[PDB]
Each structure stands twice: as structure tokens, then as C-alpha cells.
Amino acid sequence: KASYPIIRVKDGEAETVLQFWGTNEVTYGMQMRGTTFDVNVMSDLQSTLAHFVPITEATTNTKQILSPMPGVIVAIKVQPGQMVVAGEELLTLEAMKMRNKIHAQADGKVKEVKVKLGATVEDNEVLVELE
Amino acid sequence: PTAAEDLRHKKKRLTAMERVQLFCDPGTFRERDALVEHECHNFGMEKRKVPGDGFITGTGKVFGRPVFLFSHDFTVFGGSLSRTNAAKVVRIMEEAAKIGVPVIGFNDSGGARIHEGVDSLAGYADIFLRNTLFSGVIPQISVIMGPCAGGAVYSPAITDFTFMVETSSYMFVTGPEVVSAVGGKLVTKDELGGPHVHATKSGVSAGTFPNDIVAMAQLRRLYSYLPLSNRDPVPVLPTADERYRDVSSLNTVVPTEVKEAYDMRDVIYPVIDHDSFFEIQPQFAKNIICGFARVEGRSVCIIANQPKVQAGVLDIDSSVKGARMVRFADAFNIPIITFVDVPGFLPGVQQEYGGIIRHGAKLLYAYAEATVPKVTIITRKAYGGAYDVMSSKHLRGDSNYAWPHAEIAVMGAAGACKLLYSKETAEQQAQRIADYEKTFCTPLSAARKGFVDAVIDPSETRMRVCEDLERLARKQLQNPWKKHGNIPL
Amino acid sequence: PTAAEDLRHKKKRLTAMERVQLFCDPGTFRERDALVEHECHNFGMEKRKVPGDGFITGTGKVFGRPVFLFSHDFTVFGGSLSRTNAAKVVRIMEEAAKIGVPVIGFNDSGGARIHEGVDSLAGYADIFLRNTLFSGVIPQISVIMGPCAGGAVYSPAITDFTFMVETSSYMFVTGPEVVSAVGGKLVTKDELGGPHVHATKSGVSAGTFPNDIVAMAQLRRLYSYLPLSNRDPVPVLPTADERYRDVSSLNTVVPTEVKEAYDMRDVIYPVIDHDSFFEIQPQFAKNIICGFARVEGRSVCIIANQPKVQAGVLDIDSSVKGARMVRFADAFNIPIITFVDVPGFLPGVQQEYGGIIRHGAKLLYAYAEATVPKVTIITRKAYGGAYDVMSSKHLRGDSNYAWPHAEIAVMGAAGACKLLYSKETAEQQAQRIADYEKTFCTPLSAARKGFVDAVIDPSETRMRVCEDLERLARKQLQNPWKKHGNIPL
Ligand SMILES: O=CCCCC[C@@H]1SC[C@@H]2NC(=O)N[C@@H]21
Ligand SMILES: O=CCCCC[C@@H]1SC[C@@H]2NC(=O)N[C@@H]21
């Protein structure tokens, strides 16, 4: 069914079930045996032209993380100078009656000095420094 | 045979003809004019005539529906315009004005052609006038694949949507040489007018793509949404999705605490059909979301706040973004669906020093002037003038709905308690703010006054939206006679 | 009998009724509604009912021509709006929509009335919708005599012109208490939204007056210019001045050096009739002048650059100012006269970081969309896209004129010489820049192409303008059918 997950395919006797995650019209996100892949489905022109396309490399920066917006820090989660893993919440600012929660996108460890509780300073300061 | 394009591809770049071939259907492009020369006769230009004269204009066909397009050529004279280049574009736009067909242009010009004198200015003026006259008649989309400098930048600006390519494109009015000459600062071309700058800082570019191939692939998808002309109806496509699909996950999206945040996409995605959202300006003014989507196989317009970013507070940039989206959607008879969650306007001196009064009025003007069917859903809160601006029932709204835990009040409980008791005995906070929030920060009063049609379970939103949007298919409303409005610029 | 107004005058302030009496004719005001109560029945408001309910609405008559007006009252409840106050204003605006009459309002409200709940929001929404619908049908003028805070600020914004009183008026969206609460900065009310701030920084206020008496006296003079409605013709008044008055002082205004500055008013004043200029926004974006004036007894619109300030360079603020003026002038069929002297656009990073591309397109859109008769005079220079924007002949201009020492070129001589000779032998400056400026920085080439009708002596400008404006009295031009445009916001 269009835009749905389950996809039942049966060649001869063999039967398989795959899943359809999403796409950007050149790359298809399909699941095979409980694993995500990205298959490219392109015609003759797209195939012959995709060779002549720049492939830039994104910035790989392991450095200090700053608070996007002003606020107040009410709760902290991580400890100064210990291990940090991707997807871990680090602290929570509260602004105009709203607690956000900036986390650690991706890294192994940190070296820094924690901003103490109730420090209504923010203004894009260095709350946690990753080194 | 791959002649004369090896020099181009060696620089990791594509050609105009290749871009045109990628955009349209496999074999449905008919180039209109191909043997035209510049006839300049100045500054040693009497030689080196070119057959195509740096432009490729044709008709093409996308998804079985007609289109018109033109593409600049960087190899020939740097893509400069002339008295002769602009004639082809003018002819294409005039033909696409007679017939109800849109126009899409891939800009690559390096600037004006100096060897023609003021004829380049003449051509620019003609193109500007055609864009001005035909805006609101046929949709216009522009993509910038390479450099775009000088006064040629203005014609993409008048167009409805402008997209940018990441690595090898930029746009600005004046070059960095003049900036160094007058101010004395050394800034590179990318630092001045790169795609990121216009994606985040200036708000001109409506999107950014990583490659030309992806740009074409998604431009086709965007084109699948638009109506063909001003008088043609909104397209409807077949779809296996149905209004009876169960959405009970909406009962839990809103947290029971009033100070916790949530993602509005968790409310947007269930209501619309699967994998049918095309966000517009995703990296600019993130506190508001705008884009296109389909509901039961017909394209609609989506405008919702987001408490994830800055508590979902209206601002200057958000106001401009929403105003432009609403104006375009209404110009071509596209239904509008809005989700409301706003505590007010962003407070700060910089805001008044930047003219919040002008900018915030644009969204209100766009919402009040609109005559397309509107549907509004109030999830959690709506305070002060923000409630009025975000498509309130009094602005000729068709149907308005609220969720059982909503709040519609003049302002927060603290300010109301302060103003209602000047020098009342101390500790008044505890036994007054709670009571006022209990009694008047609830949708019961607004429902008593008649400002919301009904209070609904969050699981019935898809059913209600499909029903209302099906019933409202044939509304005919007209404004008083005017030559045109006077919007607060 | 001077009862109950002694408390008001003691604070060096006037009353609403006194302001109304000062505005209209001596005995031609007929108050419409005077015995109306709030019927609230909440928070101990069942008592202290007021007969007028804080508003004075009537009809009046100015210079023998009808008008409609309303005035807030600060003594009664602080001027707060309600479900009942807004009804009178809605009735007045609806009546002034049926009949071709304008509306003028003197705002003094302290904010919304909390004791009514969401009914104040309902009234605000109704007033906003009426302003949105009737903008471009009848002219709307607003004057702010006292405090104006909260969401009530938006209705003056949609109105065509907003004026301010110096000592005792201010306007902003959010009070300084909230600013202190969130940001922590202590700013006074005047430092936040005083008349000077909106006169110079935000660009919202169209003027400032020293006293209420002077405000009324000059508001009458402004009203003498406007047409009564959308369909009524431009007013023409008797005048002893004649087109045959000698103006030979224009032969010497332009200095013979290209780097010396002059005042454009020395060119503006001789052409128009004596003592008939009403500048709009005099203290904001001084590099451009906009206002109203009379030519042979009929009101026209004036838009001219000024090389006195910043070399007469177009900018963001100037673009917004000119765009709003042109849009208003065209909406009501008022002729436009422009004087051109521009070297280009202002170069700087802040400009691109602030969106020059969006703002500079607004003036071009306003000039191209307009259908009223246009007259353009190029005094000294016009370069690049600035020449295109400032009402060039290709944008359906009626008549264009130039002065004998004008210059119309693609860009300055230095840049052209640089681009036309990449690595040409050194010292090329002396024998190339002079030659190029001599050969192509002159109106002869632009006249050869046909972009200026004729090259005239500066002493004939009044004669030519009067002749053309008399002949063009009955032009009928129409744009293609649209629900409305899509201007770059
Ligand atoms: O209570 C003190 C600060 C309350 C601010 C509440 C939000 S912040 C921005 C917006 N402006 C307001 O007046 N209220 C909201
Ligand atoms: O020659 C170097 C600086 C020339 C600037 C000339 C004026 S300044 C602003 C405007 N932008 C230009 O490119 N030219 C004018």
C-alpha cells in the first residue's frame, strides 16, 4: 500500500517481507532482515551524471557546546569531566515558562566546568565544553 | 559523442541542457528558439557569434502536465543578458500568460553584458515588468544553480519561491570588491551571499539542496502540488489512504504539565496523509512551520506553531514567513489548516527598534484578507493578540475547534491577578492565581461566548478535518471592490 | 460651566470632546451615540456605569466635506475597549464604507478591559477585520494622543498614516515590566516606545507634532489633499498660481563638479505651487523624500532622491518608505512625479544580513504595478538597477525627461574600464576612463536608444510637467485579472 511499511513479495515459493521507511526521490530507505539500507534508484542520465557531483564532507568538530537561546538552567544531568554518549540529555534551561533540554549529539567524553544551578546568564555561553 | 561538455564536467558541474533533460519527462522537451545571435557590433564583439545566444527555452512536460522553462548557460559569455536574450524570456512568459501554465527558471547568469550598453537594462526592466504583472496569475518558481550577481537578483525575488544549490551557488546585489573599497573589510563570496546565509540570516531562499540531481527530483515533487493557473481548480490525486484510519496516539501528545515542551510534528503528521509533507524554509524561524500537504488526496496548506523552539512565540521573521505563505496559498485557491499554540509576542527592545508593529500586522492582514476555506485547531493555549492573529473565528473563519485541555484568556494568570487587585493583602498569589486560572483559563468560557464550534476529542481531528474540507469545497466569498490593497510593508 | 474637566486640564492635557471640537468645523459635529452602558456584571463592575462608555463617535464636517471620526476617553476606565465600545466603531466604519467617506481616529486607550474577558479580543478582531477589508476603499488616518499599549496597537498599523504627539504619547506591544522580567533590563516607557523612537528607529510613525492644537491645524491641511473615496476623482482647488511663472533658477542648481552635493528641495520647490508641500516621514531615511504637493491646483505625489544625505543611495528603509507611498498614491488615483539621482545601492554586509534583496524589490513592485500617470525627470545620474527601479520608461512610464548634463550608464567608469580590459597595459586608467566617460556617460546614447523622450532645458520643467499632467488626465489602464498580487513581504 502506498506510503506504508509492510511489503509482501513472493517469487515462486520463497516469500519475503521488507519494510519501507522513506525516500527523497533518489534514495529509498528500505529495511531488509531487520536492518536499514539506502538503495539508489536512478535512470541512465542520473547514473551517468552522479559521477560528476561534488561530495563535501561535513564539519567534524569535537569542541564546546553553546546554548542556542537565553534562559535559566534549573536541572543538570551530566557530571564535569566524565564520559558522554550520543543522545544523552545534559541539562535543562527554562525560559518564558518552558523547560527545554539540550543533549549531546555525539561524542565520547568532555573536559569543562559546569554552569551552576540557577545561573540566569545564558546568552550563548559555553555551558559544556567537549574536549 | 560527448563533445564540448568535457570542459564543463571536469569542474564537477552540470550543463544547462542536462538540467533541462533531468527536469522534464524523458522525451517531451521541444526547444523553442535555437539559432539567434547578439548583433552587437561594438568593442570587438562583431566576431564570436553564438547560435544559441546563451539561453535554452522550451516547453517540456512534467507528470503529463505542461510547463514552460528557461535555463542560463555559463559557458557562453558567462550567461550575461542582452537586448536579445531577454526577448526569448519575454516571449515565453507572455505565452505562459495567455495559456494557464506556470514558468520555472534556472538562473546562472554572471551579471549584465557590458558590451551592449543600456540594452541590458532594457531587458532587465522588461523581465521585471512581466514578473510584476503575472505574479498571482501563474505560479513562478526559480532555482539558482550558480553565481547570480548584479541587478539580475531582483527577478528571482519577485518570484514565489527561490531555491538554492549548496556547493556552487551564491547571490547578492554588490560584489565584495566594492565592499572592500568603501568599508575596508575582506569578505569572500560565500561568506557574503552563500546558500547558508540566505537560508538562515536573510530569509530569501526557500530551501537548499545538496546536488542538482536531488534538486530536480524534489522540484518535480513540488510541482505535483501546484495548480496549473489562477482559474484552474486545486489538483486532486488518487490515494489509498482513507479518513477512517485510526489515530488515537493524539490523546497523549500534549503533556499534563504546562511547562513541558513537545514537538508539533507529532500532531501534524497523523492528520495528513502518509509521507506527504513538503516543508518550506526549514532552517529559518524554526518556531513556526509552513509547507504543503495532502488531506484525502487534495493539496492543502499547513501553518503551525512549535513550542519546541522559543516556546512557540511569534516574532518578526515568523510573521513574514507566515504572511508570505498565506498570501500565496490564498492567491491560488488552496485550503489552509492551522494549529495554534502561542503565549504571545517576543518581548525585547531590539524588537521595537526593529519594527514589530509593522511586521506582526502582516500576518493578521494576510489572515483577514483571505477567502479560501480555513480550519483552525487550538491545542493548548492562545493569549492576547496572538489569539486574534492566528486565524480566529471572528476573521471570517469557517470552523474552529479546541482540545479539552486548551486555554483561551486575555493574558497569563499573574498579570490578570495583579491588575485586578492593586494593593490587596499580601500572599494574594496563592489563593487568587489558582482560582483565576481554574475559572477562566479553560475553553469553557470561550465556548460559552461562541468562539469555538465544539470541544472535541483529539482522536477525531482527522475525521472532522476531512468532513469540513469536503463540505467547504464550493465556498464563494468576495471582498469589496478595490484596485488593490495597501498592506503594511 | 466648566465642570469635571478641571481635573483633566490640571495635568496639562486636553479632553476627547475638545479635540473633536478643534478638528471639525465650528458647529457641524453631530454626536451619534451617547447613552450606552457596558452591561458586564462581573468582578464588582455591576456598579459605576457610564453614559458615554468611554467613546465619542460622530460625523462632523471639514472644509465643507463630510468625515467620520471617533475618539477614546482616558478618564473613563482608562479608555479600555469592550464588547460594547467596539460596536460603535464597527457601525461607523460600516457606514463610512457604504458612503464614500474616510475615517479618522484619535487613539488614547490604555489597553484592553480585563473585566470583560475574551469579549475585548472579540471587539479587537472585528475592528481588525474592518480595517483589513476597507483598506484601499476609504483613506484611514490615525493619531495617537496618549498611551497605546497591548494588542490595540495593530489597528493603527493597518491604517494608511499614523501621527504622534510629542510629550505625552507612546506605543509598543509589550510593557517594560515584562522586558525586565525576562531580559532583566530596566527601560522607561519613553525610552521604549516614545515618539522619537518610532520617528527615527522603527519607521512606524509618519510624523510628529509639538502640540494637540498644531496637530489639528495641520491634520485639516492634510485632509484638504485626500480624495473622498476610491471611486471619486482627485480634488482640484482654485489657485492664482500659473504655469507661466518664470523658473530660470533651475539652470544653476546642478554644480559643474561631479563630486559636489546639492539639495534636491531646490529642484522640488520651483516646480510645485508656492507653499504647498507636506512632507511625510521627515526624520526617517533622509536620503529619500516623499510627500504630497499641488501642481496647477491638483494634488500630486512627490518622490525624489537627495544627494545631500549619503550620496542619494537607495537602501532598505528608503525602499520601504517609497514603496508604501507609491502603493497608497496609486490606490486612490493620484499622479506621481519623481526626480532621479542615484549612484546605486548601499554596499555592506549588514545589508545582505538584513535582506536587501527582499526590501529593494518592494519599490520596484510598487512602481511596476502602478497604473496612474507617471512623470520622471533624470537630473544628473542613474546607474545599474537603481535606474530600472526608479520608474524607468520600460515600466509603462508615460513621459520621461532628462537634463542636458545627465548620465545613464551600466556602472561607473572605473568598473567598466576594468571589466573591458583584463590585463591591458598599465597606466590604462588615464587614457581609458576619461574616454569611456566622455563617450557613454552622457544622455546621448540613452536618447539614441529611445529611453528618454527628449532632452530639455531645466527652465522648462514646470511647463512640461503641467502640459503632460493636463493631457494625461483621462488614462485608463488595467492589469490582468487576479484575486490579488503576491508582493515580496
Ligand atoms: O511573568 C513574567 C514573564 C512572562 C512572560 C510570558 C511569555 S514570555 C513572552 C510573552 N510575552 C508575554 O507577555 N507573555 C509571554
Ligand atoms: O570605487 C569603489 C567604491 C565605489 C562605490 C560607489 C557607490 S558606493 C555605494 C554604491 N555601490 C556601488 O557599487 N557603487 C555605489
# chains A, B, ... in the order shown; residues from 1 in each chain; ligands from 1

call {"tool": "residues_near_ligand", "arguments": {"ligand": "ligand 1", "cutoff": "6 Å", "atoms": "only C-alpha atoms and all ligand atoms", "output": "ChimeraX atom specification"}}
result
/A:96 /B:343-347 /C:178,181-182

call {"tool": "residues_around", "arguments": {"residues": "residue B:87", "least_positions_apart": "4", "cutoff": "8 Å", "atoms": "only C-alpha atoms", "output": "list in words"}}
result
residues 83, 91 and 123 of chain B

call {"tool": "select_by_dssp", "arguments": {"residues": "chain A", "states": "strand (DSSP E or B)", "output": "MDAnalysis selection string"}}
result
chainID A and resid 6:11 14:23 27:31 36:40 65 72:76 83 88:89 91:94 99 103:104 109 128

call {"tool": "closest_atom_pairs", "arguments": {"of": "chain B", "to": "ligand 2", "cutoff": "10 Å", "atoms": "only C-alpha atoms and all ligand atoms", "output": "tab-separated table"}}
result
residue	atom	partner	partner_atom_place_in_ligand_line	distance
B:150	CA	ligand 2	13 (O)	9.3
B:173	CA	ligand 2	13 (O)	8.8
B:174	CA	ligand 2	13 (O)	6.0
B:175	CA	ligand 2	13 (O)	7.7
B:176	CA	ligand 2	13 (O)	9.6
B:177	CA	ligand 2	2 (C)	7.8
B:178	CA	ligand 2	3 (C)	5.1
B:179	CA	ligand 2	3 (C)	7.4
B:180	CA	ligand 2	2 (C)	8.1
B:181	CA	ligand 2	2 (C)	4.7
B:182	CA	ligand 2	3 (C)	5.1
B:183	CA	ligand 2	3 (C)	8.8

call {"tool": "closest_residue", "arguments": {"among": "B:361, B:436, B:484, B:225", "to": "residue C:159", "atoms": "only C-alpha atoms"}}
result
B:361

call {"tool": "residues_around", "arguments": {"residues": "residue A:127", "least_positions_apart": "5", "cutoff": "8 Å", "atoms": "only C-alpha atoms", "output": "ChimeraX atom specification"}}
result
/A:65-67,113-115,122

call {"tool": "residues_around", "arguments": {"residues": "residue B:261", "least_positions_apart": "5", "cutoff": "8 Å", "atoms": "only C-alpha atoms", "output": "VMD selection string"}}
result
(chain A and resid 98 to 100) or (chain B and resid 255 307 to 308 311)

call {"tool": "write_last_selection", "arguments": {"atoms": "N, CA, C and O atoms", "output": "mmCIF file, in the first residue's frame"}}
result
data_model
loop_
_atom_site.group_PDB
_atom_site.id
_atom_site.type_symbol
_atom_site.label_atom_id
_atom_site.label_comp_id
_atom_site.auth_asym_id
_atom_site.auth_seq_id
_atom_site.Cartn_x
_atom_site.Cartn_y
_atom_site.Cartn_z
ATOM 1 N N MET A 98 9.064 27.513 30.183
ATOM 2 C CA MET A 98 9.249 26.366 29.304
ATOM 3 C C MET A 98 10.617 25.739 29.511
ATOM 4 O O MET A 98 11.634 26.406 29.334
ATOM 5 N N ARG A 99 10.642 24.463 29.877
ATOM 6 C CA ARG A 99 11.909 23.777 30.072
ATOM 7 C C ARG A 99 12.326 23.035 28.822
ATOM 8 O O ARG A 99 11.632 22.122 28.377
ATOM 9 N N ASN A 100 13.450 23.429 28.241
ATOM 10 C CA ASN A 100 13.963 22.718 27.083
ATOM 11 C C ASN A 100 14.890 21.635 27.592
ATOM 12 O O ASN A 100 14.891 21.337 28.784
ATOM 13 N N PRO B 255 1.497 16.970 26.967
ATOM 14 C CA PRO B 255 1.816 16.571 28.340
ATOM 15 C C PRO B 255 0.852 17.186 29.338
ATOM 16 O O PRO B 255 0.295 18.266 29.118
ATOM 17 N N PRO B 307 6.092 24.770 20.059
ATOM 18 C CA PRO B 307 6.607 25.100 21.395
ATOM 19 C C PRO B 307 7.989 24.540 21.660
ATOM 20 O O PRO B 307 8.564 24.838 22.713
ATOM 21 N N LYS B 308 8.537 23.739 20.746
ATOM 22 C CA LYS B 308 9.892 23.232 20.923
ATOM 23 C C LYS B 308 10.909 24.366 20.916
ATOM 24 O O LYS B 308 11.856 24.364 21.712
ATOM 25 N N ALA B 311 9.426 28.510 22.923
ATOM 26 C CA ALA B 311 8.082 28.453 23.496
ATOM 27 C C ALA B 311 7.002 28.840 22.488
ATOM 28 O O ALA B 311 5.912 29.265 22.873
#

call {"tool": "closest_residue", "arguments": {"among": "C:321, C:286, C:380, C:483", "to": "residue C:363", "atoms": "only C-alpha atoms"}}
result
C:321

call {"tool": "residues_around", "arguments": {"residues": "residue B:220", "least_positions_apart": "2", "cutoff": "9 Å", "atoms": "only C-alpha atoms", "output": "count of residues only"}}
result
11

call {"tool": "closest_atom_pairs", "arguments": {"of": "chain B", "to": "chain A", "cutoff": "9 Å", "atoms": "only C-alpha atoms", "output": "tab-separated table"}}
result
residue	atom	partner	partner_atom	distance
B:9	CA	A:52	CA	6.2
B:10	CA	A:52	CA	7.7
B:11	CA	A:52	CA	8.2
B:12	CA	A:52	CA	4.9
B:13	CA	A:52	CA	6.5
B:14	CA	A:52	CA	7.5
B:18	CA	A:45	CA	8.5
B:21	CA	A:45	CA	8.4
B:22	CA	A:45	CA	7.3
B:167	CA	A:54	CA	7.6
B:210	CA	A:55	CA	8.8
B:211	CA	A:53	CA	6.9
B:212	CA	A:53	CA	8.1
B:213	CA	A:46	CA	6.9
B:214	CA	A:26	CA	6.6
B:217	CA	A:25	CA	5.8
B:218	CA	A:25	CA	6.7
B:221	CA	A:25	CA	8.3
B:239	CA	A:2	CA	7.8
B:240	CA	A:2	CA	6.8
B:241	CA	A:2	CA	8.0
B:258	CA	A:98	CA	8.2
B:259	CA	A:98	CA	4.8
B:260	CA	A:99	CA	5.8
B:261	CA	A:98	CA	6.6
B:273	CA	A:3	CA	8.6
B:274	CA	A:3	CA	5.6
B:275	CA	A:3	CA	6.1
B:276	CA	A:3	CA	8.8
B:307	CA	A:98	CA	8.4
B:308	CA	A:100	CA	7.4
B:309	CA	A:100	CA	8.5
B:310	CA	A:95	CA	7.7
B:311	CA	A:98	CA	6.3
B:343	CA	A:96	CA	9.0

call {"tool": "select_by_dssp", "arguments": {"residues": "stretch 50-106 of chain C", "states": "alpha helix (DSSP H)", "output": "JSON, numbers by chain"}}
result
{"C": [85, 86, 87, 88, 89, 90, 91, 92, 93, 94, 95, 96, 97, 98]}

call {"tool": "atom_distance", "arguments": {"atom1": "atom CA of residue A:112", "atom2": "atom CA of residue A:130"}}
result
6.8 Å

call {"tool": "residues_around", "arguments": {"residues": "residue C:447", "least_positions_apart": "6", "cutoff": "10 Å", "atoms": "only C-alpha atoms", "output": "ChimeraX atom specification"}}
result
/C:401-402,408,453-455

call {"tool": "write_last_selection", "arguments": {"atoms": "C-alpha atoms", "output": "JSON list (two decimals), in the first residue's frame"}}
result
[["chain", "number", "residue", "atom", "x", "y", "z"],
["C", 401, "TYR", "CA", 12.78, 63.63, -19.40],
["C", 402, "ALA", "CA", 16.46, 64.30, -18.80],
["C", 408, "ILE", "CA", 22.86, 56.97, -17.78],
["C", 453, "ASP", "CA", 11.53, 61.29, -24.70],
["C", 454, "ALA", "CA", 13.56, 64.49, -25.02],
["C", 455, "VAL", "CA", 16.48, 66.40, -23.54]]

call {"tool": "residues_around", "arguments": {"residues": "stretch 25-29 of chain B", "least_positions_apart": "3", "cutoff": "7 Å", "atoms": "only C-alpha atoms", "output": "PDB file with N, CA and C atoms, in the first residue's frame"}}
result
ATOM      1  N   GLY B  58      12.191  26.352 -23.799  1.00  0.00           N
ATOM      2  CA  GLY B  58      11.384  25.331 -24.423  1.00  0.00           C
ATOM      3  C   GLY B  58      10.028  25.258 -23.765  1.00  0.00           C
ATOM      4  N   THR B  59       9.367  24.116 -23.942  1.00  0.00           N
ATOM      5  CA  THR B  59       8.083  23.881 -23.296  1.00  0.00           C
ATOM      6  C   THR B  59       8.126  22.721 -22.301  1.00  0.00           C
ATOM      7  N   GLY B  60       8.474  21.522 -22.741  1.00  0.00           N
ATOM      8  CA  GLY B  60       8.555  20.397 -21.830  1.00  0.00           C
ATOM      9  C   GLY B  60       7.196  19.930 -21.327  1.00  0.00           C
ATOM     10  N   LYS B  61       7.247  18.946 -20.428  1.00  0.00           N
ATOM     11  CA  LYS B  61       6.054  18.341 -19.849  1.00  0.00           C
ATOM     12  C   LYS B  61       6.417  17.536 -18.607  1.00  0.00           C
ATOM     13  N   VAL B  62       5.752  17.797 -17.483  1.00  0.00           N
ATOM     14  CA  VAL B  62       6.055  17.147 -16.213  1.00  0.00           C
ATOM     15  C   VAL B  62       4.816  16.422 -15.716  1.00  0.00           C
TER      16      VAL B  62
END
